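Colleague: whatever this is, show me its structure:
(4 chains)
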Amino acid sequence: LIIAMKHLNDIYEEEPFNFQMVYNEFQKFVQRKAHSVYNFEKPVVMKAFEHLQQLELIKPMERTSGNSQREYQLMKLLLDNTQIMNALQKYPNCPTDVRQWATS
Amino acid sequence: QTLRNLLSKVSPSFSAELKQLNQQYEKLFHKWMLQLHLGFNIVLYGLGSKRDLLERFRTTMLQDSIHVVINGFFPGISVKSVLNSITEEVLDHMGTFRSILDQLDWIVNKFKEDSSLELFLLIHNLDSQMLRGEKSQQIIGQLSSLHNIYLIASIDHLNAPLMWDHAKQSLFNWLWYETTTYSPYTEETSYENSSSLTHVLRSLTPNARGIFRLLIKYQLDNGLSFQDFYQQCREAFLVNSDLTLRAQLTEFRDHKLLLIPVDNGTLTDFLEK
DNA sequence: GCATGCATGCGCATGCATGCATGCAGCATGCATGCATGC
DNA sequence: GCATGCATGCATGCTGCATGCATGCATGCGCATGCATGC
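Modeller: Residues are numbered from 1 along each chain as shown, chains lettered A, B, ... in the order given. Okay, here it is:
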């Protein structure tokens, strides 16, 4: 999810985003690959996004509730590309596919 | 809008049919009382002012029992006022209440403990701006849920059915009656608020009158910048120092008089008058 | 019983976010016009 | 000499882009009020 977020920040220079775009491009990544074992449904990815927001790596803009759901909410990342690269280098068991997707 | 006071001289038309219409409406009072007394609340809807019919019903049938009339069309009415009135007279209690909900709890407990108390409600124009709050209708419905209270209400607004929800519908237990009286809405439009310049400028100093006239003239020609306005006031010799001009501007501001928030046509009529 | 100080509820002003429109410039396309060229 | 076909330059219509202004909404503050408590 973080790599997808970085790709979104690179393609759209300094603009917010929501859950749907991240989900769509994660689906694109898992569909381009032939048969990789990443068949996950919407609720589990939603829970993972909620956990990421809970750890306060992502912060909302102009906070409001009720009018806007958790979906369709403008999120931003609080990390730098070099930090992500350095952290990913020290990841214990990073698979090859996700590493190459991050490089791409 | 002062002319309204003199507009009451117009005679009505086709009053005979209205007389027969009122005579036909008069006969439903016994059935309405029976339906109330069994635990139903009744709404009256239809074109025309129905206040006269309600007053007739009160003065004909409700002169022997406790009854409270709230004419909600007055823009100063609030539900807390109704609750205070009920507490001060129906139960003759003077003690203040910490919150509206606590007052409701006390009233409900008192009426449940005392089964000998019967109250009638006559509400005019339930669709008032001050009674459209969701909590207001919730309070009124909770009051009407008791079997010792009878409710007659009136609707004059088009979007009234949006006020009531399924739970509110169950609580209110409504029955409907169509009664179109075609009566003009004189009193109900009277309290509603839909000359001053001349009176203000009459007793002001003539220099201020001339300055305001020049300001009106420039505004009608096309807001003035402060520098150009000061130069023009200099040219008319109505101002000797900028402090005096600012004092006059503050005097105008104190009366809520750079753009003048007054209609152009009113200014044109006032200039010649 | 009274005074007092504190917690709470409400009104008001303000700043900010959002919706909404219009005028301009670039571009593509279709048409009018000029040119070649034979019979 | 002339008609016909072909090639090209221009007018114009379409559309995408750039933008400020009016308004609604949330929020923070500050004041008024009712209550708990202490003496």
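Colleague: those residues of chain A touching DNA strand D, which are they?
Modeller: Residues of chain A found near DNA strand D (CB under 7 Å from any atom of the strand) are A:63, A:64, A:67. The way it works is simple: take the backbone N, C-alpha and C, and place the C-beta from them, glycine included.
Colleague: is the nearest residue to residue B:44 once chain neighbours are set aside in a helix, a strand, or coil?
Modeller: Nearest residue to residue B:44, sequence neighbours excluded (CB to CB, 6 or more residues apart in numbering or on different chains): residue B:154, at 5.0 Å. Per DSSP: H, G, I helix; E, B strand; the rest coil, the secondary structure class of residue B:154 is strand.
Colleague: okay, now residue B:154: neighbour count?
Modeller: Residue B:154: 25 surrounding residues under other CB atoms under 10 Å in any protein chain shown.
Colleague: and it, what does it touch?
Modeller: B:43, B:44, B:45, B:50, B:54, B:123, B:124, B:125, B:126 (CB atoms under 8 Å, 6 or more residues apart in numbering or on different chains).
Colleague: may I have the secondary structure class of whatever residue of chain B ends up closest to DNA strand D?
Modeller: Nearest to DNA strand D, among the residues of chain B, is residue B:98, at 3.9 Å (CB to the nearest atom of the strand). Put simply, residue B:98 is coil when judged by three-state DSSP.
Colleague: okay, now it: neighbour count?
Modeller: 7.
Colleague: and residue A:9, by the same measure?
Modeller: Residue A:9 has 17 neighbours, counted by other CB under 10 Å.
Colleague: for it, phi and psi?
Modeller: Per-residue torsions, residue A:9: phi -60, psi -30 (degrees, to the nearest 10).
Colleague: buried residues in stretch B:235-242?
Modeller: B:238, B:239 (16 or more other CB atoms under 10 Å in any protein chain shown).
Colleague: what distance separates the start and the end of it?
Modeller: Terminal residues of stretch B:235-242 are spaced 13 Å apart (CA to CA, to the nearest Å).
Colleague: ranges for the strands of the stretch 151-273 of chain B?
Modeller: Per DSSP state E, counting those that start in this stretch, the stretch 151-273 of chain B carries strands over the ranges B:174-178.
Colleague: let me see the ranges of the helices in it.
Modeller: Secondary structure of the stretch 151-273 of chain B by DSSP state H, counting those that start in this stretch: the helices cover B:166-172, B:186-190, B:196-202, B:206-221, B:226-235, B:242-254, B:264-272.
Colleague: of the ones you listed, which approaches residue B:144 most closely?
Modeller: Proximity to residue B:144 (CB to CB) singles out helix B:166-172 among the helices of the stretch 151-273 of chain B, at 5.9 Å.
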